[PDB]
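J.: I would like to see how this sequence folds:
(2 chains)
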Amino acid sequence: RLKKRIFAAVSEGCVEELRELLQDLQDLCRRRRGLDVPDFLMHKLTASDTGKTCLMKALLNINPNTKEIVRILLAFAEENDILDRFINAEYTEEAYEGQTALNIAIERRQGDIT
Amino acid sequence: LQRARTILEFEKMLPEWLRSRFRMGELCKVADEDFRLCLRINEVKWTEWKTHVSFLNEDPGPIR
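T.: Residues are numbered from 1 along each chain as shown, chains lettered A, B, ... in the order given. Here you go, the structure:
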């Protein structure tokens, strides 16, 4: 229920709406048994079917305010220290195996995000 | 033009259930509640460079 709200908020360009949803993720991260919370937070930001992360969902849908959405998402993974796993995820299907985030930013001709 | 007149006369004589079997096109969800039975053509362009907005599908493969 929360995972689908983030994919809609990032594709459309909902800047203010994005922030409380990540805060609601921080609300669910203070409370847990607390065993595998770095692996848990990757489970909420990655579609389990293919491996598409919400950073990959941002760059496929270019908005006039897509520069700031990437700046928010890189700040969030820094604070919880899954930054290398989050910026280097891949697709897992046969048709797209190995495609990364900056492999999308080059094809969308985004010089400054890259 | 002379071969095109031959094709449309062979089509008028074959029966109705054959016309459903040899039908071109495919239903596509174009917009909100809009299905139009469209035809697909591929291209390659090396001059016009632009970032791509207003696609229908995000995943650019031949799905299934």
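
J.: near chain B, which residues of chain A?
T.: Proximity of chain A to chain B is confined to A:60-62, A:95-96, A:108-110 under the rule C-beta under 8 Å from any C-beta of the partner chain. C-beta coordinates here come from the backbone N, C-alpha and C atoms, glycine included.

J.: who in chain B is up against chain A?
T.: Counting by C-beta under 8 Å from any C-beta, the residues of chain B close to chain A are B:49-53, B:58-59, B:61.

J.: ok, and the most crowded of those?
T.: With neighbours taken as other C-beta atoms under 10 Å in any protein chain shown, the top of the residues of chain B next to chain A is residue B:59, carrying 14 neighbours.

J.: gap between the spatially closest residue to residue B:19 that is not a sequence neighbour and residue B:38?
T.: Nearest non-adjacent residue to residue B:19, counting by C-beta to C-beta, 6 or more residues apart in numbering or on different chains: residue B:11, 7.4 Å away. From residue B:11 across to residue B:38, the span is 20 Å (C-beta to C-beta, to the nearest Å).

J.: please apply the same query to residue B:1.
T.: Taken as C-beta to C-beta, the span from residue B:1 to residue B:38 is 25 Å.

J.: and these two? which has more neighbours close in?
T.: residue B:38 (12 against 4).

J.: now do the phi/psi pair for the more buried one.
T.: With angles defined as degrees, to the nearest 10, residue B:38 shows backbone torsions of phi -100, psi 170.

J.: count the neighbours of residue 22 for me.
T.: No chain specified, so I'll use chain A. 17.

J.: actually it's chain B I care about, not the one you picked
T.: Burial of residue B:22 is recorded as 8 neighbouring residues (other C-beta under 10 Å).
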